[PDB]
Each structure stands twice: as C-alpha cells, then as structure tokens.
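Sequence lines, in order, name chains Y and M. First residue of the first sequence: 115, per the deposited numbering; consecutive thereafter. Throughout the second sequence, residue numbering follows the deposited numbering, covering 1 to 140, 145 to 459 in sequence. The block underneath contains the structure these notes are about, expressed in structure tokens.
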Amino acid sequence: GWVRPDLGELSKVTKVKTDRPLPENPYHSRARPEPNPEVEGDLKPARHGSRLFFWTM
Amino acid sequence: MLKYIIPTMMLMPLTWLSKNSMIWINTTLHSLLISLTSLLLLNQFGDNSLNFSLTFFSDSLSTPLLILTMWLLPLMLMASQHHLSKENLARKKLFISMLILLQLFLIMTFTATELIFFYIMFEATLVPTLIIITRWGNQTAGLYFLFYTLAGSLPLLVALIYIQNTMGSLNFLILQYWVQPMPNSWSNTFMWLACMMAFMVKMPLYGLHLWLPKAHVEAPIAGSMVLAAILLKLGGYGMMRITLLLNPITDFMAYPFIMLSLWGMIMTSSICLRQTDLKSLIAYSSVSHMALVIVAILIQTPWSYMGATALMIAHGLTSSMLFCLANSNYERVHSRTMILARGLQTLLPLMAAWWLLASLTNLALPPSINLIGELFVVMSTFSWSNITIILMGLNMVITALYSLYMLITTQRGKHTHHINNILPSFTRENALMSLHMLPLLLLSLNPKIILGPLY
Ligand SMILES: CCCCCCCCCCCCCCCCCC(=O)OC[C@H](COP(=O)([O-])OC[C@H](O)COP(=O)([O-])OC[C@H](COC(=O)CCCCCCCCCCCCCCCCC)OC(=O)CCCCCCCCCCCCCCCCC)OC(=O)CCCCCCCCCCCCCCCCC
Ligand SMILES: CCCCCCCCCCCCCCCCCC(=O)OC[C@H](COP(=O)([O-])OC[C@H](O)COP(=O)([O-])OC[C@H](COC(=O)CCCCCCCCCCCCCCCCC)OC(=O)CCCCCCCCCCCCCCCCC)OC(=O)CCCCCCCCCCCCCCCCC
C-alpha cells in the first residue's frame, strides 16, 4: 500500500517537530568585541578656526 | 595694521590705472600720504605693545622700522625715475609694482605676531628684490642662493616647526610668557644655529658678507636703497624676536659670532680704506655698521638693544643717502670709479654739502642718532668686557677715515679735466638728499621714538 511520490514531492522543505532543544551557540562562538561608540551631540563651529599656525578662520 | 596694508595694495591700481606721464606723480603723492599716515604707529606704551589683532601687533621695535619702510618708498620712486625715463612704460609700471609689492611684504613682515607668518613674509621679500636687481640692474653663477638656503632659511623653518610642536604656538606674545630655559646640549646647539644663521647671513655676518658688495653694485638705486635701508634690518628684527626663546644657551653660544663681528667691523672698515668702487665702499661700510648690531643683539643687554635699534634706523637713513649720492655721480660720469671724478665741490656746492652731512652722520658725529646707537652699543660692550673698547675705538678711528676719505677723494682736490658732462644738481636730486637727511637730523631732537621696546 505504498504510493510512489510524484514529481516535485521529495524535494519539498518539510517541517519536523523535535523534542530536542535548539543549539543556542552551534558555532561555539565566543563573545564579540563591543563596537566603537557612535557620534552624538550637536555640531558646534571649530574653536577659533583651523588652528593651522596663524590662520584665524 | 590693516589701515596700512590696504592703502599699500590700493597703490597697485593707483600705479596701473594712471596715465602715461602720471605714474610717478600719483605713486609718489599717495605713498607720501601713507608715510604721513604711518605716524599713528607711535601709539606706544611703557608696559604694553600696540596689539591690533591675532595676526598683527606693533611694539616700539617694529614701529621705527615700519615708519622707515613706508618713508623709503617715495624716496625710491624719486631716485629711480631718472634712469627709467628711457624704459618702456609697461616695464616702468612693473618696476613700481615690484616696489609696492616689496613694501607690502615688509610692512607685514615687521608686524607679524606669529613667527612662521614672519618667516613666510621674510622669505617672500626676497622675490621682488631679486626681480629688481636681476632685471633693472646694469651688468651681468648663482651659488649664493644655494649656500643661503642650506645654512639659512630651511633650518629656520624646521626650527620654527619644532618650536610649534613643542610650545604649541609661535605667537610672540604667547612665547613672551611660555618661554622655557634652553639648556646646554648638542640638540639645543644645532637648534640655536638653525634659529640664528638665516638672520646672521641677512645682517650680513663677517665671513658671510661677500654677497652684499656685489649685490649693491649689480643693483639699481631703488634696489640698493631697499637692501641697505630695510632688508638688512630684517636680520636684526628677526634676531631681536628670536633671542627670547634662545636663553641661556646664547650666553655661551654668542662667543664665536661676536668674535666674527668684533674683528669684522675692524676688517671691513679697513677694506673701506682700500676701495676703488664708491658703491662697494658704501657696501662694506654697511657691513661694518651691521656688525655692531650683531654684537649688541648677541650680548642682549638693554642698553645694547637700544643702541642697536637706534643704529638700525640711523644706518638705514645714512646708507640710503650715501647710495643716492653715488647714484647722482653715476648718472653724470657713467662710472662708479671713485678716483675718476674729483673736486666736485668746485662745481656742485650744495651736493658737496649733502656729501659733507652724509659723511658726518656716517662717522657718528654727535648728537646724531648714529652716535646715539654707536655710543650705547659701545657702553654695553664695555660692560660685556673691558677690552672690547679698544676694538670699538680703533673702529671709531677707521669709521672716521673712510667717511672723510670718500669726502676727500670725490668732493675735494683738483677737478678732472676730461669730464665735462657734470651737470648742475637737479631739484629732484637735492630733494632726495634733503628727504634723507632732514629726518635724520630731526630725530636728534627727539630720539626716544627710535630706541626700541625697552627705553
Ligand atoms: C550686513 C552683512 C554684510 C556686512 C559687510 C561688512 C564688510 C564690508 C566690506 C566688504 C569687503 C570685504 C573685503 C575683505 C575684508 C577684510 C579682510 C582683511 O583685510 O582681513 C584681514 C587680515 C588679517 O587681519 P586681522 O586684523 O587679524 O583681521 C581683521 C578682520 O577680522 C578680518 O577677518 P578675519 O580675521 O576672519 O580674516 C580671516 C583670515 C585672516 O588672515 C589670517 O589669519 C592670516 C593669513 C593671511 C594670509 C597670509 C598668506 C601669506 C603667504 C602668501 C602671500 C600672498 C601674496 C601677497 C600679496 C600678493 C599680491 C596680491 O583671512 C584669511 O585667511 C584669508 C587670506 C587673506 C585674504 C584677505 C582678504 C583679501 C581680499 C582682497 C584680495 C586682494 C589681494 C590681497 C593680498 C593677498 C594676500 C593677503 O589681513 C591680512 O591677512 C593681511 C593682508 C590684508 C588683507 C587684504 C585686504 C582686503 C581688502 C583689499 C582691498 C584692496 C584691493 C586692491 C587691489 C588689489 C591689489 C593687489
Ligand atoms: C622740530 C623743529 C626744528 C626746528 C629747528 C631745526 C633743527 C635743525 C634742522 C636742520 C638744520 C640744517 C639744515 C640746512 C643744512 C643742509 C642744507 C644746506 O647746506 O643748507 C645751507 C643753506 C645756506 O647755505 P648756502 O650758502 O645757501 O648753500 C650751501 C653752500 O653751497 C655750501 O654749504 P656749506 O658747507 O657752506 O654749509 C653747510 C654747513 C657745513 O657745516 C658743517 O658740516 C659743520 C656741522 C658740524 C659741526 C658743528 C656742529 C656740531 C654739533 C653741535 C650742534 C648740535 C647741538 C647744539 C645744541 C647745544 C649742545 C647740545 O652746515 C650748515 O651750515 C648747517 C648748520 C646746521 C647743522 C645741523 C647739524 C649737521 C651736522 C651733522 C650732524 C650732527 C648731529 C645732528 C644735530 C642735529 C641738531 C638739530 O641753508 C639753507 O638753505 C637752509 C634752508 C632751511 C633748512 C630747514 C631745516 C629744517 C627742515 C625740517 C623741516 C620740518 C621741521 C620744521 C623746522 C624748520 C626750520 C627752519
């Protein structure tokens, strides 16, 4: 009483209900470095210009 | 200082938009107006300098140099318009524009508050001067420029950038208050020479002086006036600004160079007794007078700085008048040979009177400011060592002799027979002599304005 599968059936993505838990770190990846801080705050003008030897703006 | 830079730059449309016969009169008139304006720089105080902005300030050192610089331009325009009357009109405007641009560089060289802006203006002054000497000079290597820039300007550049990275600023007003003592080492020794040797060549120093009695001879009259009147004093101004940072290493590193000057003012003065070229005689006299400015800056006492700034102003006036007298003879006999034309008091009495006054102020006849500067330098060097007075006094013998030998050779004796193109003195020439000498005589009535930041 076995029906042979049709064209397209065995290549389906099925779903499986397993009792085992999800592997929370399957790569055994250690803790990442914390990223560099972002920029915040309003942008004020440069304090007394370029400060390039004598240029006052 | 912006009230002086902008009229100086408005002299460029005032010299190019003018008519074909009006580019001497307009430029002379408005440059004399700027020179009359230049007396507002005398708003000086006994404690604080006249600090205009972040870029510009003018204490009592730069102020007489500025007044002399803005006074020198109409005098150079009066001097150089005779022999350029056969020149093309556009090249005539080019000459006047080079003089105006050189004035523009000088008046903000002396008022540069910050030291690398002083350096850029200081090495920017050399370009119009070289254009004037090479283009409107008379006669024909070039290794002097290379030897100048090796031992001079770029060691000064690296030195000022090093001070910029150590101290944090090259403002002279900040460096008055953040100056550190500079101890004995080899790094500080080459640091001291890198700071000093560019101005040493620009004075000139003896042994480094041979560029000047050729650059004066290969120059026109305006080039000689601006060399011996202002451009040799950029070295003295730069030294008086840079010896602030260079203590107390100077207290044992000024020992070689003072020797080169204290013997140098003996040698070059004696070289003035053995000259055939009048213009080279005035050149070696300029070297012998700047040697005392070198000595007075390097011994760094207050009387020495007062004498050195008085000697700078008085020598600018006196040497410019001597070059204009040499111009007046070169425009008659067409030869700079001093023994060629003689006995010229028999023909030109008023011009011989101007020669007499110029030779009296050359040998430091009191109460002239030549003698005031000379005398204060001799007082400070007597305080330095009690033997130098001999080397001073022997100098003050010889500085009389070639001042009067030049007066005896050209202006006295039997007149030359085979020279009959000696015209009477034009009114322009006597005007030039009087505008050189009458400020130099009037400063004897009130010398405290030409005695520097520490009167
Ligand atoms: C109601 C709303 C509107 C209100 C309107 C109110 C205003 C009305 C007026 C409108 C018109 C404005 C015109 C300009 C304003 C004044 C600017 C000024 O003087 O700044 C002072 C500025 C610094 O003085 P300050 O007292 O500290 O500042 C006062 C103000 O706060 C100045 O402000 P600052 O402190 O913020 O300045 C910033 C900074 C201040 O500067 C610095 O921090 C120092 C660095 C300066 C440059 C150094 C370079 C050195 C090496 C290169 C050398 C270059 C070649 C030299 C010249 C070659 C031949 C041209 O400037 C720069 O960095 C710019 C470079 C310099 C250019 C200045 C303007 C030039 C305009 C005309 C150009 C014509 C040729 C000029 C000569 C070129 C060289 C200067 O002076 C200089 O830098 C010295 C040179 C003088 C500047 C030029 C004068 C401008 C007007 C010229 C008119 C005549 C032209 C004649 C024909 C051409 C002849 C060849
Ligand atoms: C602020 C207000 C001030 C008011 C007062 C003015 C202060 C003095 C200013 C200058 C004064 C002399 C100017 C003329 C001499 C140069 C041109 C010339 O040869 O003319 C001869 C000519 C007459 O002779 P000439 O027969 O027709 O022609 C000449 C011959 O062809 C052949 O000529 P020569 O060889 O027969 O004659 C030349 C003769 C030759 O004699 C000499 O070479 C001997 C001189 C040296 C030895 C004697 C003096 C030694 C030192 C002591 C004196 C000073 C201190 C005195 C105080 C007591 C002690 C502390 O020298 C003189 O006659 C000049 C006498 C005055 C000499 C002044 C010092 C020059 C010596 C060298 C520098 C010394 C240190 C500086 C002292 C400054 C004092 C203020 O005179 C005039 O045409 C004069 C015209 C007007 C001159 C105005 C001068 C002032 C200009 C400034 C304008 C802005 C301020 C307003 C004041 C206006 C006042 C009127």
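Backbone N, C-alpha and C fix where the C-beta goes; we use that ideal spot for every residue, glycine too.
Against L54 of chain M, what residues of chain Y qualify as contacts under a CB-to-CB distance less than 7 Å, listed in chain order?
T170
Using 8 Å as the Cβ pair cut-off and three pairs as the minimum, do the segment 241-251 of chain M and the segment 325-344 of chain M touch?
no
Keeping to the same chain, check which residues put their C-beta closer than 6 Å to that of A223 of chain M; ignore five residues upstream and five downstream.
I133, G137
Range covered by the alpha helix (DSSP H) that runs through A435 of chain M
431-446
By the DSSP assignment, the alpha helix (DSSP H) with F117 of chain M in it spans what residues?
Taken as a continuous stretch (DSSP letters only), the alpha helix (DSSP H) holding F117 of chain M covers 115-124.
With DSSP as the reference, please indicate the residues paired to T341 of chain M in a beta bridge.
In the DSSP secondary-structure assignment, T341 of chain M is bridged to M:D281.
Go through its chain and collect everything with a Cβ distance to residue 492 of chain M's Cβ below 7 Å, but skip five positions before and after it.
Outside the displayed range of chain M (1 to 459) lies residue 492 of chain M, so it cannot be described from this structure.
For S85 of chain M, which three-state DSSP category applies?
Coil, per DSSP.
Output the distance between the C-alpha atoms of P140 of chain Y and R134 of chain Y, rounded to the nearest integer angstrom.
14 Å
Within the chosen definition, does the segment 249-258 of chain M reach the segment 89-104 of chain M through at least 3 CB pairs nearer than 8 Å?
no
Looking only at C-alpha atoms, which of M:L321, M:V291, M:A330 sits nearest to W215 of chain M?
M:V291
Does the beta-carbon of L248 of chain M, which I'm using as the reference point, lie nearer than 7 Å to any heavy atom of ligand 2?
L248 of chain M: no, Cβ never under 7 Å from ligand 2.
Express the C-alpha separation of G242 of chain M and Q415 of chain M in angstroms, rounding to a whole number.
Between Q415 of chain M and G242 of chain M, the C-alpha separation is close to 38 Å.
Those residues which DSSP pairs with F56 of chain M across a bridge:
M:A112
Output yes if chain Y places a C-beta closer than 8 Å to the C-beta of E114 of chain M; else output no.
At least one chain Y Cβ lies under 8 Å of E114 of chain M.
In the structure shown, what three-state DSSP assignment does residue 141 of chain M receive?
A gap in chain M, from 140 straight to 145, means residue 141 of chain M has no coordinates in the model shown.
Extent of the continuous alpha helix (DSSP H) to which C199 of chain M belongs
191-206
When you compare only the Cα positions, how much space is there between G377 of chain M and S21 of chain M?
The alpha-carbon of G377 of chain M is positioned some 42 Å away from that of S21 of chain M.
Identify, in the order they occur along the chain, each residue of the same chain with its Cβ nearer than 6 Å to the Cβ of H220 of chain M, setting aside the five sequence neighbours on each side.
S228, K283, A287
Residue range of the alpha helix (DSSP H) that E378 of chain M falls in?
373-388
Under 8 Å between C-beta atoms, does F117 of chain M make it to chain Y?
yes
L398 of chain M CB to nearest chain Y CB: under 8 Å?
It does not; no Cβ of chain Y falls within 8 Å.
Going by C-alpha to C-alpha distance, which of M:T111, M:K19, M:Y166 sits closest to residue 502 of chain M?
In the structure displayed, chain M extends from 1 to 459; residue 502 of chain M sits before or after that span and is not available.
Backbone secondary structure at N450 of chain M - three-state DSSP
Note: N450 of chain M maps to coil in three-state DSSP.
Look up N175 of chain M in the DSSP assignment and say whether it is helix, strand or coil.
strand
For ligand 1, any of its heavy atoms closer than 7 Å to the Cβ of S53 of chain M?
yes
Nearest-angstrom Cβ-Cβ length linking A232 of chain M and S324 of chain M, presumed shorter than 8 Å:
A Cβ-Cβ separation of about 6 Å places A232 of chain M in contact with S324 of chain M under the 8 Å criterion.
Give every residue of the same chain whose Cβ lies closer than 6 Å to the Cβ of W196 of chain M, excluding the five residues on either side of it in the sequence, and list them in chain order.
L250, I253, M257
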